[PDB]
Amino acid sequence: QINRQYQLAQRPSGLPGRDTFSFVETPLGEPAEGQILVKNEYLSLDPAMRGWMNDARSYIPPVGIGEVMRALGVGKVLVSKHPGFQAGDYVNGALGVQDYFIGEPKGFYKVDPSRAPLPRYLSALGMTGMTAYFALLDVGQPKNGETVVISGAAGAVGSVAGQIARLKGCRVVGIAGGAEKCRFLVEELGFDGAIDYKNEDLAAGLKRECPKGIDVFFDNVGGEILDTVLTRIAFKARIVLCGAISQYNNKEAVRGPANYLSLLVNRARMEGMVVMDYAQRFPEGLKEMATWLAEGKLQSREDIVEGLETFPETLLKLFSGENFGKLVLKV
Amino acid sequence: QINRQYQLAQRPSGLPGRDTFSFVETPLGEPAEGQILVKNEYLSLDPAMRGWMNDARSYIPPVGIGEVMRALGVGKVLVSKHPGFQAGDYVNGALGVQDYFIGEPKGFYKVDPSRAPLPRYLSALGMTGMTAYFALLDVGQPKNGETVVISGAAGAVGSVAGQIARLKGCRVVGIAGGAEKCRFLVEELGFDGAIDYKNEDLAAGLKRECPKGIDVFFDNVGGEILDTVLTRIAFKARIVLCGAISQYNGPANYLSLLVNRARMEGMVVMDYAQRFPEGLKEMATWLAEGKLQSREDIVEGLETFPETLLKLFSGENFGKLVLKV
């Protein structure tokens, strides 16, 4: 049997291109002791993938040249030589951009396909949803009546974070690019407001939408948006950093917030987080998220594209403002 | 009797100069009800004064044009018509750049001259010292064995912060300008190390002095020094922002906070006003026991204010700058 794989072929300059990955056919091996064999079903396409491709020290090591490209996914266990897993289990884990995963199930967890559609375990019930959940609630610590601003608000992380914030009794303001995204946030997801930074001045938008200042800023994008938001934070504000998408494909230098001293003036906190640090708390987080979904208090959208072979092109859609909801690749 | 006063005459562009202040002579009044009359003895000269002169939004309102220049000071109560104070009391307060303070003693507290020299109530037992104390301990939360890096480490705030860190069992590394300041930090104040950023590469210095990374960064300077320190922070590091050299006129590596799941947080000492007594009390015992050293640079004469003030932005002071009135 054949395992098709996308390997990292060369480190990209700027946007990844058609020579960035190599499409290779490898013979399917057998799991050794302490390993599992998984048939990959759905793969998570995430902006963080851009960082994983860069040769740069990070919270996880870069993908090696010639290595199968890193990807979170959901799949079915076909063979297990590991006491934690059995054949027929569905699992979430770093399955890789390939047909089959063989290896140690490090950081893998079982998911129940009877309780939600499989791709949803890559979104609201996956790492994007748990990022929103733990980043907002544990680091942002929003309180009833506070004003919460969310960047990349139409994205998988931000769209969930804003809905959670609404449920906690917050005033919720999204920042997103384009009229359709902003409409969707307000009319479908129940955001109190949405600022279209591409068609409207952000500062003016913030003035209108956040009259009492910004108590929590959930940042997925960084850059100029972060810097502008910093001018409007309230006393004892919390800024949670989950990513910086506006920096991923940028040529050769991160852009730093010139207004960072607002943290001094407002005696505010800026803090980074990574969802894997919360692994031990996933069961309670997933359980609560599942009930919010079941009760219709929270909504999740997945954009499902078919075919492993489409990976390089489909990946670009992530940086086009194109994808509508959490991008998932059906293998 | 005459009260000599320095008023703010015009907001300076860059450093303060000859026309910045007006030296005026005012007849000394008497205090009205709810007021006190204080003979000013020592005044605090602080880099924050530059911000107070600027017309720009901050945590404290700017000094008005024509207003007596703002200054913290220590002085003796000569007459009181306020139930909280008596003649003979020594006080710390916003006494202003003048011979005498007359007014409501808002934010004033009594200081005990038996416990420390008077000028020290403007340094280790004053706002600079309490900044170090609360910023480090409440925001930085250093723990035994952690590596604490201090910027502006030879300054009044930083020099105290580093010593407190040493007392908490930390490895303490200072960043300061010039060989003498750095020697002083290590040999006199007991810092474990000191990096002379003016004479040596900061990154290389940090690599040498902080082999296990940086757990707490006490930042008084900001700018490139902050940006470079960010490349070396440890997992769950705390960065406490107390000031910046640019502040009275961004970090490209800020995502290190994400990679290291670290925290960057601002503070202002006046937020801790209610806890000053406890803080002062502990600081006083450290000083008395010789566990902590405080250096004051005392210059004499109210009339020298404008020139003496430049010694602060010229970076020529050695230790907390105090003007004896």
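Residue numbers begin at 1 in each chain, while the letters A, B, ... track the order of the sequences.
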For A/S246 and A/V221, indicate whether the former's side chain and the latter's backbone hold a donor-acceptor pair under 3.5 Å.
yes

pair A/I102-A/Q35: side-chain heavy atoms closer than 4.5 Å:
yes

Taking A/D303 for its side chain and A/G325 for its backbone only, find out whether a donor-acceptor pair lies under 3.5 Å.
no

Hey, are A/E180 and A/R183 close enough for a salt bridge, meaning a charged N less than 4.0 Å from a carboxylate O?
yes

Does this structure show an ion pair linking A/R4 with A/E309, if we count only N-O contacts that are shorter than 4.0 Å?
yes

Is A/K39 close enough and on-axis enough to A/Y100, meaning under 6.0 Å and within 45°, for cation-pi?
yes

A/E33 and A/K81, any side-chain heavy atoms less than 4.5 Å apart:
yes

Test A/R50 against A/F319 for side chain to side chain contact (heavy atoms under 4.5 Å, CB included), laying out the working first.
CA-CA 10 Å; A/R50 204 39 204 86; A/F319 307 105; 3.7 Å; yes

Would you say that A/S300 contacts A/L293 through its side chain, given a criterion of any heavy-atom pair below 4.5 Å between the two side chains?
yes

Within the side chain of A/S151, is there an N or O that forms a donor-acceptor pair under 3.5 Å with the backbone of A/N220?
yes

B/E265/B/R238 salt bridge by N-O under 4.0 Å criterion:
no

Hey, does B/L230 have a side-chain heavy atom less than 4.5 Å from the side chain of B/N260?
no

Can you see whether A/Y197 engages A/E224 through a side-chain donor-acceptor pair at a distance of less than 3.5 angstrom?
no

Less than 4.5 Å apart, any side-chain heavy atom of A/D99 and any of A/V331?
yes

What verdict does the side chain to side chain contact (heavy atoms under 4.5 Å, CB included) test give for A/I36 and A/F101, after you've listed the backbone C-alpha separation in whole Å, the side-chain angles of each residue and the deciding distance to 0.1 Å?
CA-CA 8 Å; A/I36 66 174; A/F101 167 86; 4.2 Å; yes

For the pair A/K110 (side chain) and A/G84 (backbone), establish whether a donor and an acceptor sit closer than 3.5 Å, ignoring hydrogens and angles.
yes

Whether A/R11 side chain and A/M53 backbone form a donor-acceptor pair below 3.5 Å:
yes

Are any side-chain N or O atoms of A/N40 and backbone N or O atoms of A/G75, one a donor and one an acceptor, separated by less than 3.5 Å?
no

Ignoring hydrogens and geometry beyond distance, is a side-chain donor-acceptor pair present between A/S44 and A/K326 at under 3.5 Å?
yes

Under 30°, 30 to 60°, or over 60°: which ring-plane class applies to A/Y6 and A/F311, parallel, tilted or perpendicular?
tilted

Between the main-chain N or O of A/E209 and the side-chain N or O of A/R171, is there a donor-acceptor pair closer than 3.5 Å?
yes

pair A/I60-A/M276: side-chain heavy atoms closer than 4.5 Å
yes

Tell me whether A/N259 contacts the main-chain N or O of A/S262 through its side chain, where contact means a donor paired with an acceptor under 3.5 Å.
no

Test applied, side-chain contact (heavy atoms from CB on, under 4.5 Å); reference residue, A/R70; option that passes from A/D46, A/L95, A/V63, A/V97:
A/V63

Has the side chain of A/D89 got a donor or acceptor atom that lies under 3.5 Å from a matching backbone atom of A/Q86?
yes

Stepwise, does the side chain to side chain contact (heavy atoms under 4.5 Å, CB included) test hold for A/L263 with A/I233?
CA-CA 8 Å; A/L263 296 172; A/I233 59 171; 4.2 Å; yes

